[PDB]
Amino acid sequence: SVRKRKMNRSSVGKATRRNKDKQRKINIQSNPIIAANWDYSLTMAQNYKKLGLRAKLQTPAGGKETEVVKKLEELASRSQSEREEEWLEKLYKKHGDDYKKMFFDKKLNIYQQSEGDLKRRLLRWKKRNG
Amino acid sequence: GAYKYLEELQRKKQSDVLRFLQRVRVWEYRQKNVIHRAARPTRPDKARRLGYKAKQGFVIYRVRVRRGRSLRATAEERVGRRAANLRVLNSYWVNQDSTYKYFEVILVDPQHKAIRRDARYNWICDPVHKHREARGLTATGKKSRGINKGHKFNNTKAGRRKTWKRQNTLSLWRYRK
Amino acid sequence: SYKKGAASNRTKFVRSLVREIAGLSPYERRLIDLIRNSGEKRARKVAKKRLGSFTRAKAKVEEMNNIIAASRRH
Amino acid sequence: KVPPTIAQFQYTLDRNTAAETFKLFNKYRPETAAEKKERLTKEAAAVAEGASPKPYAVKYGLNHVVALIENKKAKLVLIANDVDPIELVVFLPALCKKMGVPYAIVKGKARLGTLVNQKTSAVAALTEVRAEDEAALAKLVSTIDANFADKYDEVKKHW
Amino acid sequence: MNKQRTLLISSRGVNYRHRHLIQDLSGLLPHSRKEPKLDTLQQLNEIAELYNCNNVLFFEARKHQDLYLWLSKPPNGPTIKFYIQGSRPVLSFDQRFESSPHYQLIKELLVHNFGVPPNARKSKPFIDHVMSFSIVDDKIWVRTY
Amino acid sequence: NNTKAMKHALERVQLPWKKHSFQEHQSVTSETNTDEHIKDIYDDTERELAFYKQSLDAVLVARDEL
Amino acid sequence: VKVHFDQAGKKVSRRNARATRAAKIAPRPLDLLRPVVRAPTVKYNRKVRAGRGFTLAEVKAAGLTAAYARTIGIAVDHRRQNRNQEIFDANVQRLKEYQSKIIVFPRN
Amino acid sequence: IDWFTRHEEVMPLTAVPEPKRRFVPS
RNA sequence: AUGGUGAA
RNA sequence: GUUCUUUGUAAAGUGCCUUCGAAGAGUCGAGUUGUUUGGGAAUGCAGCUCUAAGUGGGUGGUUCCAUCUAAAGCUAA
RNA sequence: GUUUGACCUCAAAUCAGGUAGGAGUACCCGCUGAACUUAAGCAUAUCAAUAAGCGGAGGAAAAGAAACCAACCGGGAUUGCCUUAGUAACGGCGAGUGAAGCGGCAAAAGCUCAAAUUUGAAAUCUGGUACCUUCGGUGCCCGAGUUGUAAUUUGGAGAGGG
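First to last, the sequence lines map onto chains v, N, i, G, A, J, L and H.
Take the first sequence: its letters are residues 3 to 66, 155 to 167, 175 to 227, numbered as in the authors' numbering.
Take the second sequence: its letters are residues 2 to 69, 96 to 204, numbered as in the authors' numbering.
Here the authors' numbering is used: the first residue of the third sequence is 27, the next is one more, and so on.
Take the fourth sequence: its letters are residues 70 to 119, 125 to 233, numbered as in the authors' numbering.
Take the fifth sequence: its letters are residues 28 to 67, 71 to 115, 132 to 191, numbered as in the authors' numbering.
Here the authors' numbering is used: the first residue of the sixth sequence is 196, the next is one more, and so on.
Here the authors' numbering is used: the first residue of the seventh sequence is 22, the next is one more, and so on.
Here the authors' numbering is used: the first residue of the eighth sequence is 244, the next is one more, and so on.
If you want it as structure tokens, here you go:
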């Protein structure tokens, strides 16, 4: 070759890259419980059977719980705004619990929300307050 | 809104109203250059349904081509050479004469920061779309390449040279078949 | 085709509105006169030659019949 | 030679009626970008520390106006004659005549732009009004229908 | 008395071999009417209403290798389906055509349809060729010399 | 396939050619040529010759009437 | 004249590709849960094969939603139709069994 | 000839419900 | 034959 | 893993009930002159002439039935 | 107002910020296109939807989420491999040319517009400039933009409310 002949001849050197070992021994990255329980001497499919978890959901072409309990372990384990709360205080002190009067009201209930909207937000308000 | 009324108005092309608009504009576009920039698309409903937003970075070039390879693709190719920084998106028919045909090809500036942002159009900035018209990747180019789905397009679906090279070169395995 | 293409009052309105505002194309301008003079027979002949198929020319001449009848009377 | 739906324009609204139309329309300016921004900072300074009805303005988008006529919500519709693609607005006088919404072809597109905080508008419409200008609006409707519509009943004809 | 017209019509999809047959027979028939295109059946009666044609030849096209020709009459014609694998003509026929109504009726059709009326629009006085009609193995064989 | 409606078709469709001249008919009914006697039906040898004779001898029936 | 010398090479390529996808998609089984489908044409109708995607109907009958189905790794097809009753039953049972097996981790 | 528009229109061309966004302040 | 270089 | 901040009558999702509900034209198609193919139902494309429809339109199967929704665009392996 | 002012259009500048050319070219995408040679002379078949030439890209390209294939107890984006198969089919049936659906596998991922009004408020973006935690954020000013920029929707429906 023309260009390769110069690169071998020059005193610049070549951008030598040794990256063939890393193409096989790939570290697991996305789960810490797996990161501890993964034998790199074994293959992909062999590591899955060792754990318990399925490696393939289809019937595979060709031929052929210590860890899974720890995954079930990690499976065992919103408020309202200041204006919204203060606005609900105005409605409750005015009417009480008359939602029909509350939604036919114009001065306090400006955005013409339904009975179901106002009462739901009042239930959340009655949890944080009286 | 109005785009339904315009859509239906553009159907009746030889009708009295649109007939008159043709004979005025055909005279007016002959006064101007071969390749020149229109400030706004004359058929804006068509511009939209071919992907034109009336924001900074979109350009509508009007182009003139001779009558009697396809003329739509030639129209796009002519503006590609003149406006090299731009990327051809789509083109459409506006008006025709006995001697000439006119197209209003729509372009996008990939360099303009209003296009490099929004994700609906920032795909055109990717270097794989340099001269879409020079490779027949526009609407009319893909039409002339015979690229659709069906029994009709069997010999020219995924590259007519690709299917030829596949069919007329011997393939041999390590353990022979 | 469950969503075949129902009447849609708006679309019918727009099509008939544009149908009059645009006017008439030169072949149709000839065609409507050809109905009144030479009858519906020769009208279907010219329309079939002008358009692609006869199935187009039927609905076309039928549309012209609706336009003429509704114009003069109402 | 002009086909009748073109040159239904150019037979526009006259001197005095157009002046009176803008005497009404200039009352109903949309709040400009600067005015709107300063109002919201006033709202920010007030409401963060310690009611209003719907304000009437002119409606000015082509899609918005073509919505409003046939809604039907438009009362007066102004239409510019000078439009770069004329075909954009040619159907619009016919649409107004069909739905029975009173319209007027105004002269000058930039003339519409002045009342609306834009360069050009092509179409402008007044959907609703304050109570004081209601009688004045309806009087202008009759004024426009007498001057524009009744004088040019033959505008649908003659090339 | 014999005043008739022929109407060669075709469905979407005709070329090489079939268009050789359509174009040459349209040339050989001086009273032929060459039409653009059709797509389906009930319409064909109204096609005859246009040109006042006394005959019709409809080329239907189905399974990619075969052929389906439809011959019929304008007012109340009984159609017969087929499956085959500009001078004044002379029309020869067969004994086994007259053996049954099945072949006698199609003989009548082949006389005035595929033949000629003497008062044709493009009728030439000089003669050139014959028309061979005969039956073998339940099917017809036609060659023009 | 019934022959009743076939004979009803012979009533309405068929034109009387015997009332008119051979000029108007122009059709030689080459009778007594059964053509089931033809040897080699799959080789196409006698099928060519017997049909060619059937066509050419039919001209001489029309030749006197011409 | 092409020769496939790289039959051994590209198997090692494909295996290492699966190994990377295993490393990056750590607890998940590399591929999506595909349906069970009856093959077309008289010749092959006796054969029952892996289909492309389920349906909105099969997903809805299983007890989950279409958009959510894809996030849990169920391939969903929208153009496929549920004409057959036995196929519909087999796929619904396949999903319900799959839903008993899955362990969807919390987002906290 | 202004033929179709002489018969003046009655109901609007749609039937769409108008949303609550066009009432309570925006 | 394709493409190029030279030329009283 | 470790924290610092999360707000606004904010942003969605799901089931039921109620009222509506627009989808690309000098394009589809038609005739013809060339090109494309081993293409028989000129396949595909281009040139030129004319040029549609909305309980629509395209493609296939023996009188119906099945199948998709063009004339806009993006996308790894 | 025989002033003046809106726009639209055409200009301008050694202004500010950019960008396009050329090289390489195995692969890919377009465009253009021979002849020696094969059947007997050569118009097709045949060299050949080749070579040369021209234009354009990238790490791949192209293709792609059906206006698809089918005729079945239906399949379901595209690409590639195995097979279908030297089969259907075409070819002075001859030099011969030569698919495709299904099936097995490789790899798998879907979505964005245009479409009917934010109209109780262009909710959007460019640029300049001032700072900041600078592949950017914020304030302020300017321009674009209603001949429509944002949010909401793309038939798998969807939206309005309850």
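Every residue, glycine too, gets a C-beta built ideally from N, C-alpha and C.
Using 8 Å for Cβ pairs, my map puts residue i next to residue j. What's the rounded Cβ distance?
i                     : j      : result
v:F201                : v:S211 : Contact flag wrong, Cβ pair sits at about 11 Å.
G:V151                : G:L82  : Actually they are not in contact, since the Cβ atoms of G:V151 and G:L82 sit about 12 Å apart, beyond 8 Å.
A:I36                 : A:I77  : 7 Å
v:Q177                : v:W222 : 7 Å
residue 71 of chain N : G:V140 : There are no atomic positions for residue 71 of chain N here, as chain N continues from 69 directly to 96.
G:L189                : G:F94  : 5 Å
J:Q218                : A:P164 : 6 Å
L:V22                 : N:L197 : 5 Å
N:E160                : N:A100 : 6 Å
G:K172                : H:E252 : 5 Å
L:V58                 : L:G72  : 3 Å
N:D46                 : N:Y129 : That belief does not hold up - the Cβ atoms of N:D46 and N:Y129 are roughly 17 Å apart, past 8 Å.
N:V132                : N:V66  : Rounded, the Cβ-Cβ distance is 11 Å, inconsistent with contact.
G:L214                : G:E89  : 6 Å
Mind checking which residues open and close the beta strand (DSSP E) that includes residue i?
i      : result
A:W100 : 98 to 102
A:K111 : 110 to 112
N:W200 : 198 to 200
v:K16  : Where v:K16 is concerned, there is no enclosing beta strand (DSSP E), given that its DSSP letter is neither H nor E.
DSSP on residue i, reduced to helix/strand/coil?
i                      : result
N:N117                 : strand
J:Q218                 : helix
N:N122                 : strand
A:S37                  : strand
i:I47                  : helix
N:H37                  : strand
residue 202 of chain A : This structure gives no information on residue 202 of chain A, because the portion of chain A shown stretches from 28 to 191.
L:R70                  : strand
G:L169                 : helix
residue 171 of chain v : Inspection of chain v shows residue 167 followed directly by residue 175; residue 171 of chain v is thus not represented.
L:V80                  : helix
A:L87                  : strand
N:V132                 : strand
G:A198                 : strand
N:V66                  : strand
N:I61                  : strand
L:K31                  : helix
Just reading off the alpha helix (DSSP H) that residue i is part of, what are its end residues?
i      : result
L:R59  : Note, L:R59: premise wrong, no alpha helix (DSSP H); beta strand (DSSP E) at 57 to 59.
A:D174 : Taken as a continuous stretch (DSSP letters only), A:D174 belongs to no alpha helix (DSSP H), being part of the beta strand (DSSP E) at 173 to 178.
A:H45  : 43 to 55
A:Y149 : 147 to 158
N:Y4   : 4 to 10
L:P50  : That residue, L:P50, is in no alpha helix (DSSP H); it is neither H nor E in DSSP.
What are the partner residues of residue i, as DSSP defines its beta bridges?
i      : result
L:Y119 : According to DSSP, which records beta bridges pairwise, L:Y119 is partnered with nothing at all.
G:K230 : According to DSSP, G:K230 bridges with nothing at all.
L:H25  : N:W200
G:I179 : G:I153
N:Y127 : N:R67
Between the stretch 43 to 57 of chain L and the stretch 24 to 44 of chain v, do at least 3 Cβ pairs fall closer than 8 Å?
yes
Between the stretch 156 to 163 of chain A and the stretch 218 to 234 of chain J, do at least 3 Cβ pairs fall closer than 8 Å?
yes
Contact the stretch 116 to 133 of chain N vs the stretch 20 to 30 of chain N: 3+ CB pairs below 8 Å:
yes
Assess, as a yes-or-no matter, whether the stretch 243 to 253 of chain J is touched by the stretch 199 to 216 of chain J under the definition of 3 or more beta carbon pairs within less than 8 Å.
no
Can you confirm whether the stretch 166 to 186 of chain A touches the stretch 77 to 91 of chain A when touching is taken to mean that 3 or more C-beta pairs between the two stretches lie within less than 8 Å?
no
Inspect the CB distances between the stretch 192 to 199 of chain G and the stretch 62 to 74 of chain i and report whether three or more fall short of 8 Å.
no
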